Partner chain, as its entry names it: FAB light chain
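Take a look at this single chain, the form deposited without its partner chain, given in structure tokens.
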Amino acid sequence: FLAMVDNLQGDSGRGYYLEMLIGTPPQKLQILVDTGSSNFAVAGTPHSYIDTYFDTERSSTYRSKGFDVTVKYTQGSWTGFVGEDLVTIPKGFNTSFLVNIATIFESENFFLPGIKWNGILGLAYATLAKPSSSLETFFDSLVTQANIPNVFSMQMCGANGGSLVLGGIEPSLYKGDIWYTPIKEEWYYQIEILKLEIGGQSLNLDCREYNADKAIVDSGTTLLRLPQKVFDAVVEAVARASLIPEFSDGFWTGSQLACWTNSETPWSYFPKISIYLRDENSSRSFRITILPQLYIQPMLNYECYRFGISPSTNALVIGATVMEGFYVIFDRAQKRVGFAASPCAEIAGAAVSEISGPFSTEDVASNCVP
């Protein structure tokens, strides 16, 4: 897997993207690694905020399925043709693999300004595939055809680049222990949250709050997204834990940046945020922890910062805000997500994430999903 180390480019705003070679002769695209969807969907015509797209007419091995795909979502929508073609992953594999491909000809809040990717690699389960779960996924193609385990792992380093290890775990990407939490439902990478704690203090919410409709692990969502009730409670604990004159309301909702003398950094006065996850043994949990530096994110004479947590509707999305702290292990063969502390997850010689365990789950229900 050393061939797969540092194969990702980007940061949490560009996205983390992988160089993918499609068709014959090969056309090089930059593809967003997206654990929150299940289609290989690429740019099929030219379009604003992209330089390249995949031209299906210039590939002699391309084959059209003769139908279209349509995904409406809340932000917007995407529409493409569905086909098949040969792909390689040069930082990874020698050989080429025959896969399904959606070529996007029309969209809305899809290709948002300042992205460097011109497609999406959906690495979630068949169940999310569109138009239906019978459209074999890229990873299910690659497991079968490349003879790799049914596992991949991801490290983001933009807190530059990162690593997508298809096939396994690379030991030089983590130190300390992997802790694994069960995947509750194979669609998204849906996992069970038992508790959020801010500055040592747990929020006083029914653990059900953190899992209606779902808590997921999604490389394809920038921020830590929290159901409005949860968000509001995280914001209130963060500001009470802070003791220093308040942030603006505009800060907390994405509409304002807070700024300091390029010198007096804001990290010393903000609390830790810890998300507790159920271990494989249900009596036990483990906690993944982000310091201020991952959720109070930098964007001449002043350094400015955005809040790295936003509200959602039906989902607690563990996005890039959190995954930027951890080597995250998508062990589909064992129906579990693993987390270890990322060594690259360090700023000014301090670790910006922590993992520890084990703790008692004798205070929370036997199941926190509704």
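Positions refer to the first chain, counted from 1. Between two forms, the rigid core is the largest collection of C-alphas that superpose within 1.5 Å.
Below: the form deposited with its partner chain bound, not depicted.
Peer 1: Would residue 105 count as a contact of its partner chain in the deposited bound form, using a 4.5 angstroms cut-off between non-hydrogen atoms?
Peer 2: Flag for residue 105 set to no.
Peer 1: Does its partner chain come within 4.5 Å of any heavy atom of residue 255 in the deposited bound form?
Peer 2: Residue 255: yes, in contact with its partner chain in the deposited bound form.
Peer 1: Answer with yes or no whether residue 180 is in contact with its partner chain in the deposited bound form, where contact means some heavy atom within 4.5 Å.
Peer 2: Residue-level check for residue 180: no, no contact with its partner chain.
Peer 1: Would you classify residue 330 as touching its partner chain in the deposited bound form, given a 4.5 Å non-hydrogen atom cut-off?
Peer 2: No, residue 330 is distant from the partner.
Peer 1: Does its partner chain, in the deposited bound form, lie within 4.5 angstroms of each residue among 3, 19 and 26, using heavy atoms as the measure?
Peer 2: Heavy-atom distance to its partner chain in the deposited bound form: none of the three under 4.5 Å.
Peer 1: If you check 266, 92, 220, 161 against its partner chain in the deposited bound form, which one has a heavy atom within 4.5 Å?
Peer 2: Comparing distances to its partner chain in the deposited bound form, the residue within 4.5 Å is 266.
Peer 1: Report the residue, out of 238, 291, 169, 203, that has at least one non-hydrogen atom within 4.5 angstroms of its partner chain in the deposited bound form.
Peer 2: Comparing distances to its partner chain in the deposited bound form, the residue within 4.5 Å is 238.
Peer 1: Look at the stretches 317 to 325, 304 to 312, 26 to 34, 341 to 349 and give the one with heavy atoms within 4.5 Å of its partner chain in the deposited bound form.
Peer 2: Partner-contacting stretch among the options: 304 to 312.
Peer 1: If I align on the rigid core, exactly one of 249, 236, 280, 185 should have its C-alpha move by 2 Å or more between this form and the one not shown; which residue is that?
Peer 2: Comparing the C-alpha positions, the one residue that moves 2 Å or more is 249.
Peer 1: Relative to what is shown, are the Cα atoms of residue 319 and residue 256 closer or farther apart in the deposited bound form, where the gap shifts by 3 Å or more?
Peer 2: Residue 319 and residue 256 sit farther apart in the deposited bound form.
Peer 1: Residue 291 and residue 253: do their C-alpha atoms lie closer or farther in the deposited bound form than in the form you see, with a change of 3 Å or more?
Peer 2: Those two alpha carbons end up farther apart in the deposited bound form.
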